[PDB]
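Working notes for the structure below.
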Amino acid sequence: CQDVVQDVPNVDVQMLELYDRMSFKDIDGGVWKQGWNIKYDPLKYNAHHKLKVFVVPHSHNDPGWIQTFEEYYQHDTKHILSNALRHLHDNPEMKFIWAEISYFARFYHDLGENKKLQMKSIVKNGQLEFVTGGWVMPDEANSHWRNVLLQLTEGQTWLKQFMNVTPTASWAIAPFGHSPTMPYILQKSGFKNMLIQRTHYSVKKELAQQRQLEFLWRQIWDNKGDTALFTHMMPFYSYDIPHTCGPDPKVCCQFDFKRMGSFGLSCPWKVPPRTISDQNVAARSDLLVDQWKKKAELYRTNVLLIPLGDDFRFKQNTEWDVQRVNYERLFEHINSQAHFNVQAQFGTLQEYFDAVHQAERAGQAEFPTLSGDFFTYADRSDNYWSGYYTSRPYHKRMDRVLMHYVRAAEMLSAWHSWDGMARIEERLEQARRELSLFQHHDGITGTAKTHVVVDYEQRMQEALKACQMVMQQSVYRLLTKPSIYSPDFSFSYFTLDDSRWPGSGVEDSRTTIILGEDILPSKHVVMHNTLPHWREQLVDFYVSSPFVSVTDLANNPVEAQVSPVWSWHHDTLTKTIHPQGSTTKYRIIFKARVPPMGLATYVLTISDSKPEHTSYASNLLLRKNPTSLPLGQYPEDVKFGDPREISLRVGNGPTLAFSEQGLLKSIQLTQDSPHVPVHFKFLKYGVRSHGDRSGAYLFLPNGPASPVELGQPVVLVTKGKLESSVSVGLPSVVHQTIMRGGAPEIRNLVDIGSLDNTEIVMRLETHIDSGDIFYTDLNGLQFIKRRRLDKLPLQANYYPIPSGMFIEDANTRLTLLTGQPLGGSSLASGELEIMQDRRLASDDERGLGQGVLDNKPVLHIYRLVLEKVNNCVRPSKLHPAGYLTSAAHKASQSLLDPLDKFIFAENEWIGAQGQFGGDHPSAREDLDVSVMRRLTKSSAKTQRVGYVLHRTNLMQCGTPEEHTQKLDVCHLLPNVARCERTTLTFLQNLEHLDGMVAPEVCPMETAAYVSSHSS
Ligand SMILES: CO[C@@H]1O[C@H](CO[C@H]2O[C@H](CS[C@H]3O[C@H](CO)[C@@H](O)[C@H](O)[C@@H]3O)[C@@H](O)[C@H](O)[C@@H]2O)[C@@H](O)[C@H](O[C@H]2O[C@H](CO)[C@@H](O)[C@H](O)[C@@H]2O[C@@H]2O[C@H](CO)[C@@H](O)[C@H](O)[C@H]2NC(C)=O)[C@@H]1O
Ligand SMILES: [Zn+2]
């Protein structure tokens, strides 16, 4: 295994180092506004060394943005694909590339068989080439790597099945900044090449000046380079035709033949395209070849890529003709005039990369190595695209909920083959596709129109229902005695109970377990643990009595705590935000212990008075002018007091101190240790009253944030043996700190209400001497070192926080883990901050044509981990990565993949069993079974199950390692007949494994395996 900690890779370009040295001055470069006037030597190309130009026609099709997926499909994309089929069929030299398989599958499945065959033929002969082949072209900032892989797999499995092709070149012209998680996943999925476009204009200029726009992109920890993937970065401001032929858009626009007027388009530089004729072709060719040769000066080979496309292009038949005929005329003239020393043709992306590597192999070029990321993007001026790290945070959180529900549904249902009448494959395909669609760079990013966000939400809601159906049918099958099992595949044997989605104040979706002497004495509940290690976690349920006790299914009592059900209300008469308790519903909490990838059953039973193994939390309401708070049968009366500082400790865990406003002020890790200052604060950013306005994409604050004026908020303290909490009703945020004996959990119910032109930030202030350094993750996969740069504006120092961030000094680290991607930074030494929501009245001039005024309450969840790290073996000062500790990694897992909770829906479960998976291996804590998916339907004689196995890297801090069991996923199901290592999409076999044993993987590596079983 490569060491991912102690060896600093040697790369030609390391983006953090480049950032430290780069000036970022925004000077007028001339016609290339963010570059310089490119010069070339005409003598560079000659008879023995021609410039080979590939013009690659393309059409950017957004799967929702300004219109919904279906609206775009009906108005634009079905016509683009129908006319592409016709025109490519009829014009054998014409070419076209296609990226978004969600639309292509949507089209192809509606084609008559003779058109399906025609389509297959133009793909087979190379005229229509798929690039990337994901369901979408995903966002790279907010997306979790697991969902990037899910959508890539959904698109590529469709293409292999129906088109018999698997792209090895990726095309990502539109995400708003780029992540090295993409080459990581793509290189492990068979790819050889990738292309990106939206990188900071200063980076484009710097890399262009060094001809470092094509590079071998390796991961930041990878010393040896086996992760490297050849990457092409486009050099100019846009992927449209004015910015793809060469550096001068006033010239290149004249070669977009859709702009002469009848199509409703024109050239902003005020020189239109002119139809090519014999009379003008020499002059037009001279202008175009000059642009090409300038672009070619920025790259190292004599093979030049010229994309030819824009959004929803190649729609009308007359557009196909006008682009094709004019370019054919240009090519005939240029190719026949030796003085240009150019051979130009339509091509595909794969054609371009193959010719580049042929030139490399011939010794014409060597390419630099690069590591790092390309966040935060700015396309011009100070317009940094950090707003979309937070926009529409309800759906950002929903993404992570559904992420987990899809994993759990696929894993729970994978253990068996299912009859087609159960509709398991149908429901899972729906769930995978709606989650995959939302990875689109206008979906999770929060950059679509309001009605499109509603369409994504509705799709994801249907996907959650599909996951629930599959999970509950699977639990019923896995825990009922086989000779009793008698399923109705349409029935709900269980309902899911989810305490954090949509979340209190977001929606009371939670069912109460109704118990009573004259109706039902007891109820079975079942917990699922998708992680491959034994796990304990407190779980809570709502019950209709406080007098409830818990047993396991050996009838062993389980210690439990009952608390009230508190809900917060904005009281429009007293003008306060305060909690109300239920007098008929209560929360019971207990520790569930669940096998690896397994299930555990418990029983809740009512009794007529306090049970022996159930305790009751106390409750203290801190406010001036209190009023009573009755709680029905709850055995402890609520206490009242004026606001005051308070401190709490659960178990042997940290002691937390709170201000009289209900906000954390310090953490004491042990009885001996110091109370370490850790202060939570809420602040607000506004919008500029002159100049460019923040919108769904851009964050353009009017200066540093200002504190939220808190008034005298009401604070509720609940103190229990198992769980305590401090909750406070602040303006726009019900803020909750929950303690269960280790790192606290923070929940914010964020309702920015009608606060126009406001962004709500949660900041942590500490004494940690972090300086200008902080760490944030990329796609939930890796943590990258960031350096705050005062030479950049505040919004440029914001980065995606897809799952966590930390600061540290020699002795102390503070890590904040998230259950949702949001934007954040460290704007001063010892701070962390993360945006909660943003409400913006204005459009920000990037095409959305609306502000962000559709906010809804969202429950954001976090874990806060303060740790001593002076004993940890950390990377050297020059290393670009950081790594979590075991506690912070487990805390992230507790947010993203909690236990699932099932409530049996009818009165008696006959045949119930107490556990599933007790004989599953409990793997080392840094290993995960990220995916388990049965790949065959029931009629296959040889069943196949795929697994994606990911090992993270945790810091060594001197905790002796607990001997654990080796996990061999190929023996998790019986009767294994073969074990293969595959690409991560499962589509190619890479190794036939000895002994049918799937090896575990190295730290920071991810591997896929498929087990085959005789059935
Ligand atoms: C119509 O207003 C202009 O259009 C441009 C913005 O709309 C353009 O792009 C839209 C985006 S679709 C695409 O990306 C979005 C994210 O933006 C994503 O969510 C979707 O999924 C898609 O993938 C689209 O709706 C339209 O088709 C259109 O292309 C924008 O380029 C332009 O801004 C330039 O022009 C104004 C003047 O009109 C200037 O004031 C700006 O400064 C900017 O000028 C450009 O600056 C760069 C850097 O200096 C130069 O190199 C360019 O040459 C220069 N262009 C021009 C015309 O001067 C407007 O907003
Ligand atoms: Zn797009």
Side-chain angles (χ1 to χ4, degrees), residues 144 146-147 396-412 435 464 467-468 471-472 474-475 494-504 506 509-511 525-542 587-602 722-723 725 736 738-749 780 802-804 816-821 858-865 884 886-903 916-917 922 925 928-932 952:
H144 198 287
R146 290 157 55 185
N147 291 337
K396 283 172 156 65
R397 172 62 185 146
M398 195 174 189
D399 175 80
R400 294 302 197 257
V401 173
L402 180 57
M403 179 184 71
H404 167 75
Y405 278 50
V406 166
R407 169 179 169 163
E410 292 199 290
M411 176 176 295
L412 273 166
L435 179 58
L464 285 171
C467 292
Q468 171 176 243
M471 286 165 75
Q472 65 89 15
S474 297
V475 171
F494 299 85
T495 57
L496 278 172
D497 177 65
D498 193 319
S499 303
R500 299 190 296 194
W501 177 261
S504 295
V506 219
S509 43
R510 288 183 80 186
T511 101
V525 298
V526 173
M527 269 54 60
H528 174 238
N529 171 28
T530 194
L531 302 179
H533 50 261
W534 281 91
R535 181 155 56 142
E536 291 176 323
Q537 184 212 284
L538 294 191
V539 291
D540 70 307
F541 293 90
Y542 285 1
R587 253 183 100 223
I588 185 155
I589 310 141
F590 67 92
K591 190 159 61 176
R593 178 170 181 270
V594 190
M597 298 166 62
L599 302 163
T601 308
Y602 292 82
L722 299 186
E723 182 186 79
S725 59
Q736 315 140 233
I738 306 167
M739 295 170 69
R740 295 181 176 91
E745 177 183 353
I746 312 300
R747 298 186 186 169
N748 292 336
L749 180 56
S803 77
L816 179 70
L817 297 312
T818 75
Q820 61 282 321
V858 52
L859 182 75
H860 287 327
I861 68 175
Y862 309 87
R863 293 294 295 282
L864 184 67
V865 186
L884 295 187
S886 165
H889 175 244
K890 279 186 180 295
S892 177
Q893 294 183 308
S894 80
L895 301 171
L896 293 182
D897 295 276
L899 300 182
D900 310 296
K901 299 179 290 163
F902 299 84
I903 301 169
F916 164 72
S922 192
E925 58 175 336
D928 194 16
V929 176
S930 306
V931 176
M932 175 176 183
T952 191

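Just so it is clear, the values below take in all heavy atoms, side chains as well, and ignore hydrogens, waters and symmetry mates. The residues of the chain are indexed from 1 along the displayed sequence.
In this structure, CG on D928 lies 9.5 Å from OG1 on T952, to the nearest 0.5 angstrom. To the nearest 0.5 Å, atoms CE (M597) and CG (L412) are separated by 9.5 Å. Atoms CE and CZ, on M403 and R407 in that order, are 8.5 Å from each other to the nearest 0.5 Å. Distance check: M398 CE to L464 CG gives 5.0 Å after rounding to the nearest 0.5 Å. Taking CZ from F494 and CE from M471, the interatomic distance works out to 11.5 Å, rounded to the nearest 0.5 Å. Here the straight-line distance linking atom CE of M739 with atom CG of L864 works out to 11.0 Å at 0.5 Å rounding.
When the ring pair (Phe, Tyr, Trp, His ring centres under 6.0 Å) test is applied to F590, the partners found at least two apart in sequence or on another chain are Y602. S725 pairs by the side-chain contact (heavy atoms from CB on, under 4.5 Å) definition with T718, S727, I738, not counting sequence neighbours. Scanning for salt bridge (charged side-chain N to carboxylate O under 4.0 Å, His left out) contacts around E745 gives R500, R740, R747, with sequence neighbours left out. With sequence neighbours excluded, the residues that form a salt bridge (charged side-chain N to carboxylate O under 4.0 Å, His left out) with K901 are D497, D540. Applying the side chain to side chain donor-acceptor pair (under 3.5 Å) test to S474 and every residue at least two apart in sequence or in another chain returns nothing. Residues meeting the side-chain contact (heavy atoms from CB on, under 4.5 Å) test with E536, sequence neighbours left out: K591, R593. Residues passing the salt bridge (charged side-chain N to carboxylate O under 4.0 Å, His left out) test with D399: none are found, sequence neighbours excluded. In this view, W501 and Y394 satisfy the ring pair (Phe, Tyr, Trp, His ring centres under 6.0 Å) rule, not counting sequence neighbours. When the side-chain contact (heavy atoms from CB on, under 4.5 Å) test is applied to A891, the partners found at least two apart in sequence or on another chain are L817, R863, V865. With sequence neighbours excluded, the residues forming a side chain to side chain donor-acceptor pair (under 3.5 Å) with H528 are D900, listed by chain and number. Considering only residues two or more places apart in sequence or on other chains, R397 meets the salt bridge (charged side-chain N to carboxylate O under 4.0 Å, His left out) condition with none of them. Partners of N529 according to the side chain to side chain donor-acceptor pair (under 3.5 Å) rule, which considers only residues two or more places apart in sequence or in another chain, are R535.
Looking at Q736, its side chain never comes within 3.5 Å of a backbone N or O of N748 through a donor-acceptor pair. At least one donor-acceptor pair under 3.5 Å links the side chain of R400 to the backbone N or O of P802. Between the side chain of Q537 and the backbone N or O of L899 there is at least one donor-acceptor pair closer than 3.5 Å. Side chain of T530 to backbone of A408: no donor-acceptor contact under 3.5 angstrom is found.
Counting heavy atoms from C-beta on, the side chains of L496 and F902 come closer than 4.5 Å. The side-chain heavy atoms of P502 and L859, taken from C-beta on, include no pair separated by under 4.5 Å. The side-chain heavy atoms of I861 and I746, taken from C-beta on, include no pair separated by under 4.5 Å. Looking at heavy atoms from C-beta onward, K890 lies in side-chain contact with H533 at the 4.5 angstrom threshold. Residues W534 and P595 form a side-chain contact, since some pair of their non-hydrogen atoms from C-beta on lies under 4.5 Å apart. Using a 4.5 Å cut-off on side-chain heavy atoms (C-beta onward), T495 and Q472 make no contact.
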